[PDB]
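Student: My structure is below; once you've seen it, I'll send some questions.
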Amino acid sequence: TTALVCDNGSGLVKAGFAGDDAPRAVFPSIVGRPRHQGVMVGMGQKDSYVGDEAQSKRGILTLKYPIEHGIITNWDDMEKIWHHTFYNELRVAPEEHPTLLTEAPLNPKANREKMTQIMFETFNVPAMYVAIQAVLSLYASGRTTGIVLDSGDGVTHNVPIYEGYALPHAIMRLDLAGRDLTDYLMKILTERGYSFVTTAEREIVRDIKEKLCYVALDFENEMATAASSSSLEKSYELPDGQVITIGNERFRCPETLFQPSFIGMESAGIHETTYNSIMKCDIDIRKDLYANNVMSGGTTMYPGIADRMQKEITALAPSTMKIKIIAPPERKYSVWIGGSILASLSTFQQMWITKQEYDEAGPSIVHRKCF
Amino acid sequence: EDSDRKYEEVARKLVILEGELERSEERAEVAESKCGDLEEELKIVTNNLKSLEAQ
Amino acid sequence: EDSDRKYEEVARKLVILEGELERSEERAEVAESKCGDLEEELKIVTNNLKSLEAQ
Amino acid sequence: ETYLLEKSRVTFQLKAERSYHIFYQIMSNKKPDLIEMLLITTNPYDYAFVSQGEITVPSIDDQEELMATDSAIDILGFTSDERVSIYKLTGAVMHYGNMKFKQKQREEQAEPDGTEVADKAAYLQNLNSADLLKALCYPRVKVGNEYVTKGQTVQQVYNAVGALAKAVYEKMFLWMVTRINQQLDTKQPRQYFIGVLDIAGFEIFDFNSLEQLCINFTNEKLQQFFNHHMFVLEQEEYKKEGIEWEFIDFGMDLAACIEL
Ligand SMILES: Nc1ncnc2c1ncn2[C@@H]1O[C@H](COP(=O)(O)OP(=O)(O)O)[C@@H](O)[C@H]1O
């Protein structure tokens, strides 16, 4: 029968059926709980909203992403998320549906293990499987080589793949992603007098980021420009009027990805980790990797990021190498798309982990090549 | 690249300019609906006051 | 040249939809100020209505 | 009933054959009213969808067949606009072949070069041409509760327009069959019918291909069907004959070739 494809991620859960063309249901992966007491009896307010319901009730809740950096921390909220997904976003009995799950590379093995265990016990699926987000993102782009730079909301990894082989020793995980950019924007928005501190208005700041920010092809020139003119200022209306304006911030915020020092991190910028991951790979395959820098994830959706990225990684690589950056216009869902593609295969229909097999071998089976 | 990003920037400016000029006519026409119904009730209340002006 | 031609095109778009937002906004806001005027006038006539309703 | 109408003919055929009749029929100039109206020329080698095999056949000309099938239409429940629509749709099917696309220099995204044939095909359906080519090379899919615009490479766009022509042609076929069976019914309350069914036989050649395999598979299914039917009838007759023989089902030997 049909297989389910749930790509948890941070920030956004996106689920759907295998073989489809886009995830049917997409909603924020948050759980909210009221923080006042409530006085109208008979209102029968439930105790914890979830997803878009919580995103709408923001004003009186306290939101808590149950995934911090690709890792699951609050398992009960994660189970709530999954249950709500299956029973309200898809209206499907999970007992008769093999499900595909994704996770970043270099994660605590206990995370993936407990994931499998809960899947088989609570929801009682017939089978399941856990895949690496970057592999799926490559599947969705019709490639079979090239490095992929996924950057979701919590984590950011490069996975150089060549001819269908993955070179694990060159995988580069980095814990700077959309949530960190949101926080840095919250911080630098203070220097204009705007103060957002609540877990609700963090979402407001996230929207401001998704709408007004962009990468600057040359940081110093854009800084000097915004200093001289005012053609960069754009306004924005909060949920209660009181329009605000931001200038420098629009490109100072996403610049972090190239200068992580802005938030005190010590690692090297996105372009640098990419080039390093290339150089760690064998010399015979470096030209193709140069030519196939795939991108995915919502954080790679800033206006201008591909051009700046090409500029930098060109400055780093030799001159006689052709740099190209595959940035599709729907790359936000590339992981889910690739997951659907893979789950829809038939040469894949014998890689699942059957519930019988799990009962036989216990959750330790996941790390085994039933991967 | 200059021409490229320039046209891309101004195209985004155009798409937002459209995203606002669309409901430009909307908040124009709601104003006119208000004018109309307000003049209507104006006439109604002017008739009623005059009818009550009798004695 | 292609992007420059379409860039001047979308620049025509810029100027026209900008000016259009401007004068649609002006028309709207003057009509709505007039509407609030007629609103307080309706309030006046309703005051008169009640004073007459005092028989 | 029409069943398993072949699809790939409309855009591909091997060297030793051609596309369906109607195309070359219109190419035959017994009435240049269409040739002018459908904006097509007379040389079939000008249209790639139909020009990959043998165009003119040394058995029958296509001129007479034009008015033959025209009358065949007329005597049935067809209006005139219906027929001009059929002709325009066939002409657009023919036109799609010449739509050209070129990769952008800084990407793999496809884009159009000349809107000429685009203009022709779009006018032939009374819808904007720029909009058509845009919605070919910039589709968008419903994700969650909004839309995102997928990307397209040239090859992808060619496959898209091929599937488009194929689908519109097969839909034309199925609905004209619908209209035919709509004009021919008699309103008496009816019951159990009879089945008259022809089909392409087990046609094997010196150089097989996809369609040949599909036809052979259909015939496999039919052979197993009637094998099992003869099995049940013939065998299960002899229950009364105080003896049974060949206790296995008879369709269960074609199953080996079907499952494969
Ligand atoms: N248009 C945009 N510009 C910049 N950042 C965006 C945009 N849209 C979404 N994002 C960021 O990307 C994140 C979504 O990425 P996603 O692929 O959902 O991550 P995950 O794979 O962890 O679910 C959001 O948290 C948001 O901050």
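Going by the structure tokens order, chains are called A, B, ..., each with residues numbered from 1, while ligands are numbered from 1 in the order shown.
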Please superimpose chain C upon chain B, fitting all C-alpha atoms matched one to one in order, and report the result as a PDB file with N, CA and C atoms, in the first residue's frame.
Tutor:
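The resulting file, result25.pdb, is shown below:
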ATOM      1  N   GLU C   1      24.651  40.798 -15.212  1.00  0.00           N
ATOM      2  CA  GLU C   1      24.322  40.284 -13.889  1.00  0.00           C
ATOM      3  C   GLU C   1      23.855  41.402 -12.968  1.00  0.00           C
ATOM      4  N   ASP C   2      24.481  42.576 -13.062  1.00  0.00           N
ATOM      5  CA  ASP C   2      24.067  43.706 -12.239  1.00  0.00           C
ATOM      6  C   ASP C   2      22.629  44.099 -12.544  1.00  0.00           C
ATOM      7  N   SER C   3      22.336  44.323 -13.827  1.00  0.00           N
ATOM      8  CA  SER C   3      21.003  44.682 -14.273  1.00  0.00           C
ATOM      9  C   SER C   3      20.005  43.573 -14.004  1.00  0.00           C
ATOM     10  N   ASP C   4      20.436  42.313 -14.035  1.00  0.00           N
ATOM     11  CA  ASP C   4      19.527  41.217 -13.733  1.00  0.00           C
ATOM     12  C   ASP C   4      19.194  41.177 -12.251  1.00  0.00           C
ATOM     13  N   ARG C   5      20.179  41.432 -11.395  1.00  0.00           N
ATOM     14  CA  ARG C   5      19.905  41.484  -9.966  1.00  0.00           C
ATOM     15  C   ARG C   5      18.988  42.651  -9.632  1.00  0.00           C
ATOM     16  N   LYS C   6      19.305  43.845 -10.136  1.00  0.00           N
ATOM     17  CA  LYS C   6      18.424  44.980  -9.895  1.00  0.00           C
ATOM     18  C   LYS C   6      17.094  44.835 -10.624  1.00  0.00           C
ATOM     19  N   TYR C   7      17.041  44.012 -11.668  1.00  0.00           N
ATOM     20  CA  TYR C   7      15.809  43.744 -12.393  1.00  0.00           C
ATOM     21  C   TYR C   7      14.911  42.805 -11.604  1.00  0.00           C
ATOM     22  N   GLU C   8      15.487  41.783 -10.980  1.00  0.00           N
ATOM     23  CA  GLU C   8      14.722  40.985 -10.033  1.00  0.00           C
ATOM     24  C   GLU C   8      14.322  41.809  -8.816  1.00  0.00           C
ATOM     25  N   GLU C   9      15.177  42.736  -8.382  1.00  0.00           N
ATOM     26  CA  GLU C   9      14.804  43.649  -7.307  1.00  0.00           C
ATOM     27  C   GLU C   9      13.558  44.438  -7.679  1.00  0.00           C
ATOM     28  N   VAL C  10      13.635  45.202  -8.770  1.00  0.00           N
ATOM     29  CA  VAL C  10      12.489  45.979  -9.213  1.00  0.00           C
ATOM     30  C   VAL C  10      11.327  45.087  -9.629  1.00  0.00           C
ATOM     31  N   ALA C  11      11.560  43.795  -9.871  1.00  0.00           N
ATOM     32  CA  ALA C  11      10.448  42.876 -10.090  1.00  0.00           C
ATOM     33  C   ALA C  11       9.745  42.545  -8.782  1.00  0.00           C
ATOM     34  N   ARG C  12      10.518  42.339  -7.713  1.00  0.00           N
ATOM     35  CA  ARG C  12       9.925  42.299  -6.382  1.00  0.00           C
ATOM     36  C   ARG C  12       9.117  43.559  -6.136  1.00  0.00           C
ATOM     37  N   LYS C  13       9.686  44.710  -6.494  1.00  0.00           N
ATOM     38  CA  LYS C  13       8.962  45.973  -6.400  1.00  0.00           C
ATOM     39  C   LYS C  13       7.663  45.917  -7.194  1.00  0.00           C
ATOM     40  N   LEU C  14       7.732  45.421  -8.429  1.00  0.00           N
ATOM     41  CA  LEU C  14       6.550  45.282  -9.268  1.00  0.00           C
ATOM     42  C   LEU C  14       5.464  44.505  -8.544  1.00  0.00           C
ATOM     43  N   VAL C  15       5.783  43.278  -8.134  1.00  0.00           N
ATOM     44  CA  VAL C  15       4.766  42.412  -7.546  1.00  0.00           C
ATOM     45  C   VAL C  15       4.228  43.011  -6.248  1.00  0.00           C
ATOM     46  N   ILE C  16       5.102  43.603  -5.426  1.00  0.00           N
ATOM     47  CA  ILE C  16       4.650  44.079  -4.124  1.00  0.00           C
ATOM     48  C   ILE C  16       3.775  45.313  -4.282  1.00  0.00           C
ATOM     49  N   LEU C  17       4.206  46.287  -5.090  1.00  0.00           N
ATOM     50  CA  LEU C  17       3.394  47.488  -5.242  1.00  0.00           C
ATOM     51  C   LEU C  17       2.134  47.207  -6.046  1.00  0.00           C
ATOM     52  N   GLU C  18       2.157  46.208  -6.930  1.00  0.00           N
ATOM     53  CA  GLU C  18       0.937  45.808  -7.620  1.00  0.00           C
ATOM     54  C   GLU C  18      -0.078  45.241  -6.638  1.00  0.00           C
ATOM     55  N   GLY C  19       0.315  44.208  -5.883  1.00  0.00           N
ATOM     56  CA  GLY C  19      -0.576  43.671  -4.869  1.00  0.00           C
ATOM     57  C   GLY C  19      -0.997  44.707  -3.847  1.00  0.00           C
ATOM     58  N   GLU C  20      -0.111  45.659  -3.548  1.00  0.00           N
ATOM     59  CA  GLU C  20      -0.428  46.693  -2.576  1.00  0.00           C
ATOM     60  C   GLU C  20      -1.482  47.646  -3.113  1.00  0.00           C
ATOM     61  N   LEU C  21      -1.322  48.093  -4.359  1.00  0.00           N
ATOM     62  CA  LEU C  21      -2.382  48.845  -5.014  1.00  0.00           C
ATOM     63  C   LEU C  21      -3.681  48.059  -5.009  1.00  0.00           C
ATOM     64  N   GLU C  22      -3.608  46.756  -5.293  1.00  0.00           N
ATOM     65  CA  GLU C  22      -4.812  45.930  -5.332  1.00  0.00           C
ATOM     66  C   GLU C  22      -5.560  45.968  -4.005  1.00  0.00           C
ATOM     67  N   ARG C  23      -4.879  45.640  -2.905  1.00  0.00           N
ATOM     68  CA  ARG C  23      -5.636  45.515  -1.663  1.00  0.00           C
ATOM     69  C   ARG C  23      -5.925  46.870  -1.029  1.00  0.00           C
ATOM     70  N   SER C  24      -5.077  47.881  -1.245  1.00  0.00           N
ATOM     71  CA  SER C  24      -5.451  49.233  -0.849  1.00  0.00           C
ATOM     72  C   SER C  24      -6.694  49.683  -1.596  1.00  0.00           C
ATOM     73  N   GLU C  25      -6.790  49.330  -2.878  1.00  0.00           N
ATOM     74  CA  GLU C  25      -7.963  49.663  -3.670  1.00  0.00           C
ATOM     75  C   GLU C  25      -9.193  48.951  -3.138  1.00  0.00           C
ATOM     76  N   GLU C  26      -9.055  47.666  -2.818  1.00  0.00           N
ATOM     77  CA  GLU C  26     -10.185  46.913  -2.286  1.00  0.00           C
ATOM     78  C   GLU C  26     -10.660  47.498  -0.960  1.00  0.00           C
ATOM     79  N   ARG C  27      -9.731  47.710  -0.023  1.00  0.00           N
ATOM     80  CA  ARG C  27     -10.067  48.341   1.249  1.00  0.00           C
ATOM     81  C   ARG C  27     -10.762  49.677   1.030  1.00  0.00           C
ATOM     82  N   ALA C  28     -10.168  50.536   0.198  1.00  0.00           N
ATOM     83  CA  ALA C  28     -10.742  51.844  -0.078  1.00  0.00           C
ATOM     84  C   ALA C  28     -12.167  51.721  -0.597  1.00  0.00           C
ATOM     85  N   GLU C  29     -12.378  50.868  -1.601  1.00  0.00           N
ATOM     86  CA  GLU C  29     -13.680  50.825  -2.254  1.00  0.00           C
ATOM     87  C   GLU C  29     -14.739  50.205  -1.352  1.00  0.00           C
ATOM     88  N   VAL C  30     -14.370  49.217  -0.533  1.00  0.00           N
ATOM     89  CA  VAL C  30     -15.351  48.689   0.410  1.00  0.00           C
ATOM     90  C   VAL C  30     -15.675  49.726   1.480  1.00  0.00           C
ATOM     91  N   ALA C  31     -14.666  50.468   1.948  1.00  0.00           N
ATOM     92  CA  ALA C  31     -14.921  51.495   2.949  1.00  0.00           C
ATOM     93  C   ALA C  31     -15.791  52.605   2.379  1.00  0.00           C
ATOM     94  N   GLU C  32     -15.603  52.935   1.104  1.00  0.00           N
ATOM     95  CA  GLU C  32     -16.386  53.998   0.488  1.00  0.00           C
ATOM     96  C   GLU C  32     -17.800  53.545   0.150  1.00  0.00           C
ATOM     97  N   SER C  33     -17.985  52.278  -0.220  1.00  0.00           N
ATOM     98  CA  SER C  33     -19.336  51.744  -0.344  1.00  0.00           C
ATOM     99  C   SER C  33     -20.056  51.788   0.999  1.00  0.00           C
ATOM    100  N   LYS C  34     -19.369  51.371   2.068  1.00  0.00           N
ATOM    101  CA  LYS C  34     -19.927  51.508   3.411  1.00  0.00           C
ATOM    102  C   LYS C  34     -20.233  52.967   3.734  1.00  0.00           C
ATOM    103  N   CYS C  35     -19.391  53.883   3.256  1.00  0.00           N
ATOM    104  CA  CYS C  35     -19.620  55.304   3.484  1.00  0.00           C
ATOM    105  C   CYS C  35     -20.877  55.784   2.776  1.00  0.00           C
ATOM    106  N   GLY C  36     -21.071  55.378   1.523  1.00  0.00           N
ATOM    107  CA  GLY C  36     -22.306  55.709   0.833  1.00  0.00           C
ATOM    108  C   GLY C  36     -23.522  55.097   1.496  1.00  0.00           C
ATOM    109  N   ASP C  37     -23.364  53.893   2.048  1.00  0.00           N
ATOM    110  CA  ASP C  37     -24.428  53.289   2.839  1.00  0.00           C
ATOM    111  C   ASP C  37     -24.786  54.178   4.023  1.00  0.00           C
ATOM    112  N   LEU C  38     -23.783  54.552   4.816  1.00  0.00           N
ATOM    113  CA  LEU C  38     -24.035  55.430   5.952  1.00  0.00           C
ATOM    114  C   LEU C  38     -24.545  56.794   5.498  1.00  0.00           C
ATOM    115  N   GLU C  39     -24.207  57.206   4.278  1.00  0.00           N
ATOM    116  CA  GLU C  39     -24.702  58.472   3.747  1.00  0.00           C
ATOM    117  C   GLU C  39     -26.200  58.409   3.504  1.00  0.00           C
ATOM    118  N   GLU C  40     -26.655  57.374   2.801  1.00  0.00           N
ATOM    119  CA  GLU C  40     -28.091  57.232   2.598  1.00  0.00           C
ATOM    120  C   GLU C  40     -28.807  56.965   3.916  1.00  0.00           C
ATOM    121  N   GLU C  41     -28.125  56.349   4.884  1.00  0.00           N
ATOM    122  CA  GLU C  41     -28.724  56.198   6.209  1.00  0.00           C
ATOM    123  C   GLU C  41     -28.883  57.549   6.897  1.00  0.00           C
ATOM    124  N   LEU C  42     -27.883  58.421   6.766  1.00  0.00           N
ATOM    125  CA  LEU C  42     -28.010  59.785   7.263  1.00  0.00           C
ATOM    126  C   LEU C  42     -29.158  60.503   6.572  1.00  0.00           C
ATOM    127  N   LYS C  43     -29.327  60.259   5.274  1.00  0.00           N
ATOM    128  CA  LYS C  43     -30.479  60.799   4.561  1.00  0.00           C
ATOM    129  C   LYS C  43     -31.780  60.315   5.188  1.00  0.00           C
ATOM    130  N   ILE C  44     -31.852  59.021   5.505  1.00  0.00           N
ATOM    131  CA  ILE C  44     -33.039  58.459   6.150  1.00  0.00           C
ATOM    132  C   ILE C  44     -33.315  59.166   7.470  1.00  0.00           C
ATOM    133  N   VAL C  45     -32.280  59.316   8.295  1.00  0.00           N
ATOM    134  CA  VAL C  45     -32.498  59.910   9.607  1.00  0.00           C
ATOM    135  C   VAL C  45     -32.853  61.385   9.475  1.00  0.00           C
ATOM    136  N   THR C  46     -32.365  62.062   8.436  1.00  0.00           N
ATOM    137  CA  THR C  46     -32.767  63.451   8.225  1.00  0.00           C
ATOM    138  C   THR C  46     -34.218  63.540   7.766  1.00  0.00           C
ATOM    139  N   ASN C  47     -34.656  62.592   6.935  1.00  0.00           N
ATOM    140  CA  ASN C  47     -36.076  62.487   6.619  1.00  0.00           C
ATOM    141  C   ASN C  47     -36.895  62.354   7.895  1.00  0.00           C
ATOM    142  N   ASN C  48     -36.456  61.469   8.791  1.00  0.00           N
ATOM    143  CA  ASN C  48     -37.133  61.312  10.076  1.00  0.00           C
ATOM    144  C   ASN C  48     -37.115  62.614  10.868  1.00  0.00           C
ATOM    145  N   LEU C  49     -35.987  63.322  10.832  1.00  0.00           N
ATOM    146  CA  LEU C  49     -35.870  64.595  11.531  1.00  0.00           C
ATOM    147  C   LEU C  49     -36.914  65.582  11.036  1.00  0.00           C
ATOM    148  N   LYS C  50     -37.038  65.723   9.716  1.00  0.00           N
ATOM    149  CA  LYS C  50     -38.011  66.659   9.161  1.00  0.00           C
ATOM    150  C   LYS C  50     -39.441  66.232   9.476  1.00  0.00           C
ATOM    151  N   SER C  51     -39.730  64.933   9.367  1.00  0.00           N
ATOM    152  CA  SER C  51     -41.068  64.454   9.693  1.00  0.00           C
ATOM    153  C   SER C  51     -41.429  64.775  11.137  1.00  0.00           C
ATOM    154  N   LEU C  52     -40.455  64.691  12.045  1.00  0.00           N
ATOM    155  CA  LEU C  52     -40.714  65.105  13.422  1.00  0.00           C
ATOM    156  C   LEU C  52     -40.832  66.620  13.531  1.00  0.00           C
ATOM    157  N   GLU C  53     -40.011  67.353  12.774  1.00  0.00           N
ATOM    158  CA  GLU C  53     -40.100  68.806  12.716  1.00  0.00           C
ATOM    159  C   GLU C  53     -41.451  69.280  12.214  1.00  0.00           C
ATOM    160  N   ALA C  54     -42.228  68.403  11.601  1.00  0.00           N
ATOM    161  CA  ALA C  54     -43.612  68.720  11.277  1.00  0.00           C
ATOM    162  C   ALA C  54     -44.500  68.842  12.523  1.00  0.00           C
ATOM    163  N   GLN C  55     -43.910  68.750  13.716  1.00  0.00           N
ATOM    164  CA  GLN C  55     -44.580  68.928  15.011  1.00  0.00           C
ATOM    165  C   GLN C  55     -45.855  68.102  15.159  1.00  0.00           C
TER     166      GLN C  55
END
Student: Skip residue 90 (chain D) itself and residues of its chain fewer than 6 positions away, then list as a short mmCIF file (atom, residue, chain, number, x, y, z; two decimals) with N, CA and C atoms, in the first residue's frame all residues within 10 Å of it, counting only C-alpha atoms.
Tutor:
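Once everything was written out, this is part_15.cif:
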data_model
loop_
_atom_site.label_atom_id
_atom_site.label_comp_id
_atom_site.auth_asym_id
_atom_site.auth_seq_id
_atom_site.Cartn_x
_atom_site.Cartn_y
_atom_site.Cartn_z
N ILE D 22 -5.53 10.85 -39.30
CA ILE D 22 -6.13 12.18 -39.41
C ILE D 22 -5.10 13.24 -39.77
N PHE D 23 -3.89 13.13 -39.22
CA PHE D 23 -2.86 14.13 -39.51
C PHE D 23 -2.60 14.21 -41.01
N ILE D 26 -5.43 15.55 -43.11
CA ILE D 26 -5.47 17.01 -43.25
C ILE D 26 -4.32 17.49 -44.12
N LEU D 38 -6.38 25.75 -39.92
CA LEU D 38 -5.51 25.18 -38.91
C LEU D 38 -4.08 25.70 -39.00
N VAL D 84 -15.33 21.88 -36.15
CA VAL D 84 -14.23 22.83 -36.26
C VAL D 84 -13.35 22.76 -35.01
N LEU D 124 -5.09 28.76 -31.38
CA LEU D 124 -5.90 27.62 -31.79
C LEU D 124 -6.75 27.07 -30.66
N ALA D 165 0.02 16.84 -25.44
CA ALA D 165 -0.58 16.48 -26.72
C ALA D 165 -1.20 15.10 -26.66
N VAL D 168 -4.51 15.24 -24.61
CA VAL D 168 -5.61 15.93 -25.26
C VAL D 168 -6.13 15.11 -26.43
N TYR D 169 -5.24 14.42 -27.16
CA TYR D 169 -5.69 13.60 -28.27
C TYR D 169 -6.52 12.42 -27.79
N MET D 172 -9.91 13.64 -26.71
CA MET D 172 -10.73 13.84 -27.89
C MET D 172 -11.33 12.52 -28.36
#
Student: With only C-alpha atoms as the counted atoms, please give the residues lying no more than 7 Å from region 274-281 of chain A, apart from itself and same-chain residues fewer than 6 positions off, as a list in words.
Tutor: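 Contacts, with the query itself left out: residues 158, 170, 171, 172, 289 and 313 of chain A.
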Student: Mind pulling up the distance from CA of residue 18 (chain A) to CA of residue 350 (chain A)?
Tutor: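 It comes out at 15.6 Å.
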Student: Using only C-alpha atoms and all ligand atoms, what are the residues with an atom within 7 Å of ligand 1, set out as number ranges by chain?
Tutor: A: 8-13, 151-154, 178-179, 182, 206, 209-211, 213, 297-302, 332-333
Student: Excluding same-chain residues fewer than 5 positions from residue 23 (chain A), what lies within 6 Å of it counting only C-alpha atoms, as an mmCIF file with C-alpha atoms, in the first residue's frame?
Tutor:
data_model
loop_
_atom_site.group_PDB
_atom_site.id
_atom_site.type_symbol
_atom_site.label_atom_id
_atom_site.label_comp_id
_atom_site.auth_asym_id
_atom_site.auth_seq_id
_atom_site.Cartn_x
_atom_site.Cartn_y
_atom_site.Cartn_z
ATOM 1 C CA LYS A 14 5.927 18.365 6.486
ATOM 2 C CA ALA A 15 4.136 15.109 5.746
ATOM 3 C CA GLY A 16 2.376 13.426 2.868
ATOM 4 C CA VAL D 143 2.175 22.383 -1.133
#
Student: Considering only C-alpha atoms, can you say which of A:365, A:216, A:283, A:246 comes closest to chain B?
Tutor: A:216
Student: Check every residue of chain A for an atom within 8 Å of chain D, counting only C-alpha atoms, and provide those that qualify as a PyMOL selection string.
Tutor: chain A and resi 21-27+326+328-330
Student: For N, CA, C and O atoms, I'd like the residues from the last selection saved as a CSV table (one decimal), in the first residue's frame.
Tutor:
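Result saved to part.csv:
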chain,number,residue,atom,x,y,z
A,21,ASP,N,3.4,14.7,-5.2
A,21,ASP,CA,4.3,15.7,-5.8
A,21,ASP,C,4.7,16.7,-4.8
A,21,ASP,O,5.7,17.5,-5.0
A,22,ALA,N,4.1,16.8,-3.6
A,22,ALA,CA,4.4,17.8,-2.6
A,22,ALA,C,3.7,17.4,-1.3
A,22,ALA,O,2.7,16.7,-1.3
A,23,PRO,N,4.3,17.7,-0.2
A,23,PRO,CA,3.8,17.3,1.1
A,23,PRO,C,2.4,17.9,1.3
A,23,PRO,O,2.2,19.0,1.1
A,24,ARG,N,1.4,17.0,1.6
A,24,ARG,CA,0.0,17.4,1.8
A,24,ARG,C,-0.1,18.4,2.9
A,24,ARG,O,-0.7,19.5,2.7
A,25,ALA,N,0.4,18.2,4.0
A,25,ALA,CA,0.2,19.0,5.2
A,25,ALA,C,1.6,19.5,5.7
A,25,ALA,O,2.6,18.8,5.8
A,26,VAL,N,1.6,20.8,6.0
A,26,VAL,CA,2.8,21.5,6.5
A,26,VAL,C,2.4,22.5,7.6
A,26,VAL,O,1.5,23.4,7.3
A,27,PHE,N,3.0,22.4,8.7
A,27,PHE,CA,2.6,23.2,9.9
A,27,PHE,C,3.8,23.3,10.8
A,27,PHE,O,4.7,22.5,10.8
A,326,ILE,N,23.3,24.7,-7.8
A,326,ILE,CA,21.9,24.2,-8.1
A,326,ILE,C,21.0,24.7,-7.0
A,326,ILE,O,20.9,24.1,-6.0
A,328,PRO,N,17.2,25.2,-6.9
A,328,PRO,CA,15.8,25.2,-7.5
A,328,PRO,C,14.9,26.2,-6.8
A,328,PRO,O,15.3,26.7,-5.7
A,329,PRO,N,13.8,26.5,-7.3
A,329,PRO,CA,12.9,27.5,-6.7
A,329,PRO,C,12.0,26.9,-5.7
A,329,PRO,O,11.2,27.7,-5.0
A,330,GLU,N,12.0,25.6,-5.5
A,330,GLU,CA,11.1,24.9,-4.5
A,330,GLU,C,12.0,24.2,-3.5
A,330,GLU,O,11.5,23.3,-2.7
Student: With only C-alpha atoms as the counted atoms, please give the residues lying no more than 9 Å from residue 324 (chain A), apart from itself and same-chain residues fewer than 6 positions off, as a VMD selection string.
Tutor: (chain A and resid 290 to 294 310) or (chain D and resid 106 to 107)
Student: Take the residues just selected and output them with N, CA, C and O atoms as a PDB file, in the first residue's frame.
Tutor:
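Wrote result-v2.pdb, looks like this:
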ATOM      1  N   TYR A 290      32.537  20.532  -7.436  1.00  0.00           N
ATOM      2  CA  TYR A 290      32.504  21.964  -7.702  1.00  0.00           C
ATOM      3  C   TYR A 290      31.319  22.321  -8.578  1.00  0.00           C
ATOM      4  O   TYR A 290      30.684  23.364  -8.390  1.00  0.00           O
ATOM      5  N   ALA A 291      31.007  21.465  -9.541  1.00  0.00           N
ATOM      6  CA  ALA A 291      29.959  21.782 -10.494  1.00  0.00           C
ATOM      7  C   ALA A 291      28.556  21.481  -9.990  1.00  0.00           C
ATOM      8  O   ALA A 291      27.592  21.846 -10.667  1.00  0.00           O
ATOM      9  N   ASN A 292      28.396  20.830  -8.842  1.00  0.00           N
ATOM     10  CA  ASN A 292      27.064  20.391  -8.433  1.00  0.00           C
ATOM     11  C   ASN A 292      26.763  20.736  -6.979  1.00  0.00           C
ATOM     12  O   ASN A 292      26.329  19.887  -6.201  1.00  0.00           O
ATOM     13  N   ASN A 293      26.965  21.986  -6.582  1.00  0.00           N
ATOM     14  CA  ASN A 293      26.605  22.407  -5.228  1.00  0.00           C
ATOM     15  C   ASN A 293      25.095  22.533  -5.125  1.00  0.00           C
ATOM     16  O   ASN A 293      24.532  23.594  -5.394  1.00  0.00           O
ATOM     17  N   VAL A 294      24.434  21.471  -4.722  1.00  0.00           N
ATOM     18  CA  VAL A 294      23.000  21.531  -4.479  1.00  0.00           C
ATOM     19  C   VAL A 294      22.736  22.312  -3.203  1.00  0.00           C
ATOM     20  O   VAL A 294      23.568  22.357  -2.296  1.00  0.00           O
ATOM     21  N   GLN A 310      28.316  31.590  -4.692  1.00  0.00           N
ATOM     22  CA  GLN A 310      29.181  31.335  -5.834  1.00  0.00           C
ATOM     23  C   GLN A 310      30.388  32.253  -5.820  1.00  0.00           C
ATOM     24  O   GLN A 310      31.510  31.813  -6.072  1.00  0.00           O
TER      25      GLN A 310
ATOM     26  N   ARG D 106      22.672  30.946 -17.263  1.00  0.00           N
ATOM     27  CA  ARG D 106      23.147  30.895 -15.888  1.00  0.00           C
ATOM     28  C   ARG D 106      22.411  29.860 -15.045  1.00  0.00           C
ATOM     29  O   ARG D 106      22.456  29.925 -13.813  1.00  0.00           O
ATOM     30  N   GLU D 107      21.746  28.898 -15.678  1.00  0.00           N
ATOM     31  CA  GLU D 107      20.950  27.921 -14.949  1.00  0.00           C
ATOM     32  C   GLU D 107      20.641  26.761 -15.887  1.00  0.00           C
ATOM     33  O   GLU D 107      21.066  26.741 -17.044  1.00  0.00           O
TER      34      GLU D 107
END
Student: Find the spatial neighbours of residue 76 (chain A), counting only C-alpha atoms, within a cut-off of 12 Å - ignore same-chain residues fewer than 3 positions away - and output them as JSON, numbers by chain.
Tutor: {"A": [31, 48, 64, 65, 66, 67, 72, 73, 79, 80, 81, 82, 83, 114, 115, 118, 122]}
Student: Per residue of chain A within 10 Å of chain B, which atom pair is closest and at what distance in Å (one decimal), using only C-alpha atoms, listed by chain and increasing number, as CSV?
Tutor:
residue,atom,partner,partner_atom,distance
A:217,CA,B:5,CA,9.5
A:303,CA,B:9,CA,8.7
A:304,CA,B:5,CA,7.9
A:307,CA,B:1,CA,8.5
Student: When DSSP is applied to the backbone of this structure, which of region 28-249 of chain D are assigned alpha helix (DSSP H)? Write them out as a ChimeraX atom specification.
Tutor: /D:32-37,63-74,80-96,115-123,129-137,154-183,210-230,236-237
Student: If DSSP is run on the backbone, what residues of region 122-171 of chain A are strand (DSSP E or B)? A reply as a VMD selection string would be ideal.
Tutor: chain A and resid 127 to 132 147 to 151 156 to 162 165 to 166
Student: Need the shell around residue 204 (chain A): protein/DNA/RNA residues with any atom at most 10 Å away, counting only C-alpha atoms. Skip same-chain ones fewer than 6 positions apart. Format as a ChimeraX atom specification?
Tutor: /A:182,186,196,198,210,238-239
